[PDB]
Amino acid sequence: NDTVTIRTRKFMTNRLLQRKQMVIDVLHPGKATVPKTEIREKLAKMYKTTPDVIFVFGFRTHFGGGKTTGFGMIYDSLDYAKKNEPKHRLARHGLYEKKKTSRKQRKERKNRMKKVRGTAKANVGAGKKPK
Amino acid sequence: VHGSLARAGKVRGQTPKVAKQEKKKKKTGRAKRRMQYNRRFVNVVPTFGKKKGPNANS
Amino acid sequence: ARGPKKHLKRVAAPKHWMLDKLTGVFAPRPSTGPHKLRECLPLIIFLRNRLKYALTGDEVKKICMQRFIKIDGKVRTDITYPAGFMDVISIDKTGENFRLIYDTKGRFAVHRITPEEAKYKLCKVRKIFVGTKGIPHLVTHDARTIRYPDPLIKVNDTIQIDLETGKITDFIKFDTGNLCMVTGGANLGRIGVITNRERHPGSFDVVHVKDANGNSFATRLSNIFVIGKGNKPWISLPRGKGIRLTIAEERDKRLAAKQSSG
Amino acid sequence: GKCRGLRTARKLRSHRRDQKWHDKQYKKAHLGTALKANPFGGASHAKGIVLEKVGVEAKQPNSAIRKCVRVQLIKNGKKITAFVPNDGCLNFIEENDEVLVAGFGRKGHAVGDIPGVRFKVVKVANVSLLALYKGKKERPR
Amino acid sequence: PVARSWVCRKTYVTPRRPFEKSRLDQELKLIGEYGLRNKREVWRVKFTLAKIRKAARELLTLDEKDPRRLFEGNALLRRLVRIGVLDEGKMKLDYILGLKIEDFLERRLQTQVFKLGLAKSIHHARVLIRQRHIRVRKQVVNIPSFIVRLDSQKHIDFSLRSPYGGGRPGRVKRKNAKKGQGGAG
RNA sequence: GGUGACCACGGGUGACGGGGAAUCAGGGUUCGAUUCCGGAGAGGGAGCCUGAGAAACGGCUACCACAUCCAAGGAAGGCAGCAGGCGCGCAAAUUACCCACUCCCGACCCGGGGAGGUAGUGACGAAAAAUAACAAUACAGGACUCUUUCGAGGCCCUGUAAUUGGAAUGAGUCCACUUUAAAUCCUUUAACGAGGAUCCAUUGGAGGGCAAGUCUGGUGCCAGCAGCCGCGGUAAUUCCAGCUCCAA
Ligand SMILES: [Mg+2]
Ligand SMILES: [Mg+2]
Ligand SMILES: [Mg+2]
Ligand SMILES: [Mg+2]
Ligand SMILES: [Mg+2]
Ligand SMILES: [Mg+2]
Ligand SMILES: [Mg+2]
Ligand SMILES: [Mg+2]
């Protein structure tokens with residue numbers, strides 16, 4: 001906390017997607033890679049923005065520590081944040097749930113439904129037995 | 001065929017077995033080059049010999 | 001193949017798109033439209049590679065769906081719509097508009113324009129003919145056609161078109177001494193003044209152009225887009241004023257600019 | 001002498017490709033007879049089954065028994081002779097062994113004092129002969 | 001299909017003839033002089049001068065007043081005088097043909113830290129760099145063959161994290177210190 | 001009538017064509033199955049439906065060849081797609097994860113994509129780069145230096161063996177962060193983690209070509225080495241070994 005400077009560059013706000021895009025280079029001198037939570041709250045404090053709408057991703061640490069470059073998307077509203085974001089970024093913060101099945105069983109389910117034609121009970125009951 | 005193949009592997013078997021001795025581990029890489037560079041270059045020989053080779057078995 | 005293709009490879013993409021070999025196997029593959037695939041920017045690589053508005057392809061899809069990207073007066077929801085030469089790309093939310101003009105190196109350069117400038121747009125008539133009922137039609141270098149044109153427009157000429165009406169505000173006759181622009185070949189993206197046109201019956205005509213700096217060059221007639229009434233262009237020119245400088249003097253241009261800013 | 005006309009290029013190219021059939025290197029690789037007669041079929045190595053163990057007299061200045069094996073390659077069924085190049089690596093060979101024979105090193109030509117032998121065995125019973133010689137790994141018992 | 005690049009080149013060329021007593025002694029003199037690990041990296045600097053001197057020779061055979069000769073010739077002059085292998089006033093193509101490989105080999109990071117007093121021995125310099133102790137400007141470098149330019153020559157220093165500049169003592173010193181303080185107070 | 005010694009026609013091709021690759025004075029000589037473009041083909045032929053576009057084959061019909069289940073009355077096939085097997089061989093990867101990127105399709109911001117990406121095997125190949133450095137003692141050596149051999153140290157450089165001997169680090173264990181669709185690897189970063197630092201560098205050679213032994217012991221034209229000259233029949237500069245050197 002004694003020396004954690006957060007600088008940003010290439011900043012631009014696009015009202016197209018209702019967000020301000022910027023690339024941020026953190027500088028921890030002798031500490032480890034700073035977690036995304038600490039970046040999120042400090043960046044929110046710099047922009048006077050609420051610390052639940054800021055998004056940061058893709059942090060690459062330079063050789064030997066120190067400079068670490070990431071990309072930050074800040075939004076004017078959380079509703080817009082849910083409106084236009086990749087689902088994995090929303091899932092990281094917990095706003096979106098992706099508790100699904102694996103793709104293989106989904107493909108087995110779909111090809112099982114090909115055999116059964118039209119029946120409103122068995123075209124959907126085709127996977128009830130092979131769960 | 002004449003069949004003198006019964007003598008195959010005769011001298012190799014006849015050789016008296018002597019075990020390899022225990023020596024210091026040889027240096028590798030840059031240390032190996034450092035050792036041999038210092039071996040043959042940074043030294044002044046007053047003794048004659050017409051620059052005899054590195055494996056002079058005298 | 002048994003039919004038309006619908007995939008374009010990244011390596012097979014046009015050179016002026018300035019695409020990179022590593023991010024993806026494929027290329028935008030612009031849909032069919034007013035312009036050919038070799039001289040058009042799909043909207044995906046105008047909002048993701050030029051202005052960096054989108055980071056990946058799904059954001060430029062989302063912003064096209066939000067219906068702010070208005071091309072040439074009409075909204076376009078197609079992610080790979082061919083923009084083409086000197087078409088207005090208006091984003092009303094930012095209040096800024098764009099004109100797609102080749103730079104001095106023959107590449108579609110970002111060129112912002114004023115709102116009053118985007119109310120009009122030039123075009124090059126390609127074929128003149130008369131349809132049924134004695135109604136003269138007039139197709140242009142776009143896919144557009146207009147009925148009842150002024151009889152004093154011939155082929156390979158220029159017409160000024162004001163948007164939302166599709167009417168000919170004025171016309172430029174392709175003639176000696178009128179400022180033009182190269183639209184293909186080696187000299188693509190150069191601004192000069194016509195000096196001579198030689199005609200070859202049954203073959204491509206060749207024009208000779210001398211720019212402001214006295215440098216002379218030549219190109220085929222199909223690569224000519226007259227834009228200026230004699231010497232004053234009817235459209236705001238891109239940065240660099242459309243003069244091709246040799247490899248020698250951009251080196252000292254970068255050296256002096258770096259020294260001046262350093 | 002040779003023709004030097006401005007339009008004698010057809011004669012020059014026809015004479016050159018007619019005369020290229022007179023050096024052994026071009027003729028061997030282009031006629032196709034050498035390719036079909038090659039026991040390896042154009043391969044660097046081959047696999048065969050040992051039929052017999054034979055000894056070959058050395059050339060006149062030398063005097064020894066050179067240990068070789070008669071090998072019938074599994075593909076194209078051609079019988080060859082394969083030298084066994086070590087002090088006691090013939091004893092590693094038994095009858096009916098999958099041996100990986102290779103050329104000797106001068107393009108299907110006899111080497112040294114061994115007459116009429118153009119191949120040497122490299123592996124036997126799916127294990128390297130050199131590994132057996134150095135004792136690195138044992139026979140597959 | 002794939003989006004890979006596979007654009008690669010060889011950085012060294014093996015000598016045409018092997019086993020020459022004159023040539024092997026010449027290379028072994030260089031290896032001892034500059035602490036090189038193997039002859040591959042005295043071949044790569046030989047190849048670097050081989051391509052540089054070849055390009056200069058090709059440019060000099062070009063016709064005078066050729067824009068290609070002027071632009072390309074001054075282009076490689078700029079990077080040659082940047083890395084310091086050529087004098088600032090010696091901005092000519094002809095004097096490039098007289099360049100050697102010794103003045104290239106002294107542009108290495110290992111030779112530069114040894115020649116600047118940061119290391120007492122040339123072989124000590126390589127082990128110091130490879131152990132993440134040296135730095136250039138503010139970026140830590142661990143490549144002995146890291147070339148240096150004039151604008152970076154005066155910025156060579158120990159890294160902040162190494163036990164030669166700032167703090168952060170090594171683990172043998174820490175274990176020895178905790179040995180002393182545990183056995184006596 | 002038409003084509004032909006300006007090579008028709010016929011035959012072969014271990015021939016898909018090109019952009020290109022290897023070698024590099026100039027000229028040239030080979031290789032391009034292979035990710036880009038064009039063509040062709042879906043076990044071999046042939047014929048069609050639909051459709052803008054197919055003579056389509058992850059469409060159909062028939063024959064030929066292989067092959068599947070059967071209650072023997074019938075029915076169903078096309079991995080030169082991704083994986084994975086058999087076989088063929090000298091010769092080549094996992095019956096993995098995901099549409100997050102690039103793009104495509106669709107009525108479509110919402111679905112799908114073994115295209116594709118990600119990971120696994122991976123010494124085809126290419127780039128960088130560990131296996132150690134320093135100091136103090138010995139015994140040497142230096143233009144060494146001080147008287148002009150003699151003795152030493154006001155200095156410099158390797159080597160052999162030592163409580164040296166305390167400074168420095170990874171290779172690994174492994175906390176966390178990071179990366180990522182989710183992981184993995186890389187980069188940071190705790191804490192352990194080197195004195196035969198046994199945390200062990202190998203592959204080929206030592207007659208010449210061609211760098212390096214006329215060292216020692218066995219063998220005795222035998223066994224073997226040896227690309228070529230050649231070594232070997234009781235004193236082997238060449239075999240088989242030990243030791244020592246050389247090349248990378
Ligand atoms: Mg074929
Ligand atoms: Mg091809
Ligand atoms: Mg193809
Ligand atoms: Mg077909
Ligand atoms: Mg249709
Ligand atoms: Mg078919
Ligand atoms: Mg090791
Ligand atoms: Mg020996």
Side-chain angles (χ1 to χ4, degrees), chain A residues 28 31-36 58-65 68 86-88 98 102-103, chain B residues 7-12 14-18 20-21 24-25 27-31 35 38-39 42-44 53-57, chain C residues 2-4 6-12 23-29 56-58 61-62 64-66, chain D residues 10 32 35 42-47 58 61-65 74-75 86-88 100 104-106 111-113, chain E residues 1-4 8-11 18-21 24 37-39 120-121 123-124 127-128 130-133 143-145 163 170-173 176:
Chain A
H28 46 88
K31 279 163 278 197
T33 288
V34 54
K36 277 195 304 186
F59 272 100
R60 281 313 201 184
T61 311
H62 293 196
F63 193 69
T68 304
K87 263 77 196 164
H88 71 268
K98 213 190 76 170
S102 177
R103 208 180 81 137
Chain B
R7 291 195 294 267
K10 171 179 92 57
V11 165
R12 158 142 177 146
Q14 264 189 322
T15 304
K17 282 86 64 180
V18 56
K20 267 175 172 149
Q21 73 177 5
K24 198 205 66 186
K25 178 257 288 182
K27 323 295 280 178
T28 43
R30 183 201 67 258
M35 186 179 72
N38 295 330
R39 163 155 293 100
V42 282
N43 71 312
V44 162
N55 222 45
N57 278 350
Chain C
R2 283 176 281 149
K6 40 189 61 70
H7 291 100
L8 173 70
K9 296 299 194 141
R10 174 60 57 89
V11 189
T23 52
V25 189
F26 291 88
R29 182 59 178 205
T56 58
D58 56 7
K61 176 254 293 168
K62 287 197 180 212
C64 281
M65 285 293 127
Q66 283 167 210
Chain D
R10 154 185 294 111
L35 185 48
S44 62
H45 297 54
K47 259 173 184 74
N62 289 345
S63 168
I65 293 310
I74 48 170
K75 66 156 209 184
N86 262 332
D87 198 293
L100 177 76
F104 211 102
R106 39 190 295 179
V111 180
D113 62 355
Chain E
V2 303
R4 283 82 168 263
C8 59
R9 75 151 73 254
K10 274 188 64 184
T11 60
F19 310 137
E20 312 104 304
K21 180 52 69 177
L24 291 196
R37 166 187 91 241
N38 49 25
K39 296 224 177 174
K120 298 175 293 187
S121 302
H123 298 77
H124 179 218
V127 75
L128 184 74
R130 204 53 204 178
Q131 278 156 352
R132 202 186 292 167
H133 285 329
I143 294 91
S145 73
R171 64 155 154 166
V172 287
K173 194 177 279 293
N176 273 307

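Proteins come first, then strands; the chains are lettered A, B, ... in the order of their sequence lines, and each starts at number 1. Only heavy atoms go into these numbers, but all of them, side chains included; no hydrogens, no water, no symmetry mates.
Between F:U147 and F:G196, neither a Watson-Crick nor a G-U wobble pair is formed under the 3.5 Å criterion for both distances. Applying the 3.5 Å cutoff to both bonds, F:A5 and F:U145 do not register as a Watson-Crick or G-U wobble pair. Remark: the bases of F:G159 and F:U234 do not meet in a Watson-Crick or G-U wobble pair with both edge contacts under 3.5 Å. Here F:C239 is not matched with F:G32 as a Watson-Crick or G-U wobble partner, both contacts being required under 3.5 Å. No Watson-Crick or G-U wobble pair joins F:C225 and F:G166 with the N1-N3 or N1-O2 distance and the second distance both under 3.5 Å. A Watson-Crick or G-U wobble pair links F:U94 with F:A119, each of its two atom distances being under 3.5 Å. Under the 3.5 Å cutoff applied to both distances, F:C146 and F:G41 fail to qualify as a Watson-Crick or G-U wobble pair. Base-pair annotation: F:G26 with F:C185 fails the Watson-Crick or G-U wobble criterion (two N/O distances, each under 3.5 Å). Using the rule of two distances under 3.5 Å, F:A25 and F:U163 do not count as a Watson-Crick or G-U wobble pair.
Contact between the side-chain N/O atoms of C:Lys9 and the OP1/OP2 oxygens of F:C36 is found at a separation under 4.0 Å. For the OP1/OP2 pair of F:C88 and a distance below 4.0 Å, the side-chain nitrogens and oxygens of D:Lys47 include no atom meeting the criterion. Side-chain nitrogen and oxygen atoms of A:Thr33 include none within less than 4.0 Å of the OP1 or OP2 phosphate oxygen of F:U187. When the side-chain nitrogen and oxygen atoms of A:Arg103 are compared with OP1 and OP2 of F:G114, one or more of them lie within a distance under 4.0 Å. Considering only side-chain N and O atoms, B:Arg12 lies nowhere under 4.0 angstrom from the phosphate OP1 or OP2 of F:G218. Between E:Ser121 and F:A133, a side-chain N or O to OP1/OP2 separation shorter than 4.0 Å is absent. Phosphate contact (OP1/OP2 of F:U131, side-chain N/O of B:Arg30, threshold under 4.0 Å): present.
Atom-to-atom, CG of D:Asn62 to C1' of F:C222 comes out at 13 Å; the value is rounded to the nearest Å. As a whole-Å value, the separation of C:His7 NE2 from F:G113 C1' is 9 Å. A straight line from CZ of E:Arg171 to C1' of F:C192 spans 9 Å, rounded to a whole angstrom. Rounded to whole angstrom, the span from the CZ atom of C:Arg10 across to the P atom of F:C104 amounts to 11 Å. Atom CG of B:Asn55 and atom P of F:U238 are 13 Å apart (whole Å). Whole-Å rounding puts the E:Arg132 CZ to F:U189 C1' distance at 10 Å. The nearest whole Å value for the distance from the NZ atom in B:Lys24 to the P atom in F:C243 is 15 Å. Atom-to-atom, CZ of E:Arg37 to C1' of F:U131 comes out at 11 Å; the value is rounded to the nearest Å.
Taking atom P on both nucleotides, F:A143 is separated from F:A130 by 36 Å, rounded to a whole Å. Nucleotides F:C186 and F:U118 place their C1' atoms 15 Å apart, quoted to the nearest Å. Taking the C1' atoms as reference points, F:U50 lies 31 Å from F:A67, given to the whole Å. The separation of F:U180 from F:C199, taken at their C1' atoms, amounts to 33 Å, rounded to a whole angstrom. Taking atom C1' in both F:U34 and F:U29, the straight-line distance is 23 Å, to the nearest Å. Of the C1' atoms belonging to F:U178 and F:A190, the separation is 15 Å, rounded to the nearest Å.
The listed nucleotides are F:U35, F:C57, F:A201; the one nearest the side chain of B:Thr28 is F:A201. Taking only side-chain atoms of E:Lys21, from C-beta outward, the nucleotide of F:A212, F:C90, F:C134 with the closest atom is F:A212. In this structure, the nucleotide among F:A127, F:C243, F:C90 sitting nearest to the side chain of E:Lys10 is F:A127. The side chain of C:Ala12 lies closest to F:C36, out of F:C177, F:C36, F:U160. The side chain of A:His88 lies closest to F:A181, out of F:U187, F:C36, F:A181. Each of F:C103, F:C225, F:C97 was ranked by its minimum atom distance to the side chain of D:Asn86; first place goes to F:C225. Of the listed nucleotides (F:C6, F:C37, F:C225), F:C6 has the atom at the smallest distance from the side chain of D:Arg10. In this structure, of F:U188, F:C246, F:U198, it is F:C246 that holds the atom nearest to the side chain of B:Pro54. Closest to the side chain of E:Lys120, from the set F:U219, F:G142, F:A135, is F:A135. Distances from the side chain of B:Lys20 to the nucleotides F:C240, F:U178, F:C243 place F:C243 closest.
Taking a pair to require two hydrogen-bonding distances under 3.5 Å in either a Watson-Crick or a G-U wobble arrangement, F:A176 pairs with F:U188. Under the Watson-Crick or G-U wobble criterion, with both distances below 3.5 Å, F:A8 is left unpaired in every strand shown. When both distances must be under 3.5 Å, the Watson-Crick or G-U wobble mate of F:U169 does not exist. With a 3.5 Å ceiling on both atom-pair distances, F:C90 lacks any Watson-Crick or G-U wobble partner. In this structure F:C60 sits in a base pair with F:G47, meeting the Watson-Crick or G-U test at under 3.5 Å.
Counting distance only, with no hydrogens placed and no angle test, the side-chain atoms of E:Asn38 and the base atoms of F:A248 include no donor-acceptor pair under 3.5 Å. A donor N or O paired with an acceptor N or O is found under 3.5 Å between the base of F:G213 and the side-chain atoms of B:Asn57. No N or O donor and acceptor, one from the side chain of C:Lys6 and one from the base of F:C104, sit under 3.5 Å apart.
Applying the 6.0 Å contact sphere to NZ of E:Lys10 captures more than 12 heavy atoms from other residues, nucleotides or ligands.
F:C229 has a positive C1'-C2'-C3'-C4' torsion, placing its sugar in the north range. The furanose ring of F:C24 falls on the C2'-endo (south) side of the pseudorotation cycle, as its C1'-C2'-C3'-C4' torsion is below zero. The pentose of F:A22 is categorized as north (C3'-endo side) on the basis of a positive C1'-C2'-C3'-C4' torsion. Sugar puckers are classed by the sign of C1'-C2'-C3'-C4'; that of F:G114 comes out south, on the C2'-endo side. For F:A235, the sign convention on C1'-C2'-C3'-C4' gives a south pucker, since the angle is negative.
At a threshold of 4.0 angstrom between heavy atoms, the contacts of A:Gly58 are confined to the sugar-phosphate backbone, with no base atom among them. Counting non-hydrogen atoms under 4.0 angstrom, C:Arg29 reaches the backbone sugars and phosphates but no base. Residue D:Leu35 is in base contact, counting any heavy-atom pair closer than 4.0 Å across all strands shown.
Neighbouring bases F:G142 and F:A143 form no stack, their six-membered rings failing the under 5.5 angstrom centre or under 30 degree plane limit. Under a stacking criterion requiring six-membered ring centres under 5.5 Å apart and planes under 30°, the adjacent bases F:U244 and F:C245 are classed as stacked. Stacking annotation: F:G53 and F:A54 not stacked (criterion of six-membered ring centroids under 5.5 angstrom and interplanar angle under 30° not met). Neighbours F:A128 and F:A129 stack on each other, since their six-membered rings have centres under 5.5 Å apart and planes tilted under 30°. For the consecutive pair F:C225/F:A226, the pyrimidine-type rings sit with centres less than 5.5 Å apart and planes less than 30° apart, qualifying as a stack.
Looking only at side-chain heavy atoms (C-beta outward), C:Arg10 and C:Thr23 come within less than 4.5 Å of each other.
In this structure, A:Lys36 contributes its side chain and A:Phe59 its backbone to no donor-acceptor pair below 3.5 Å.
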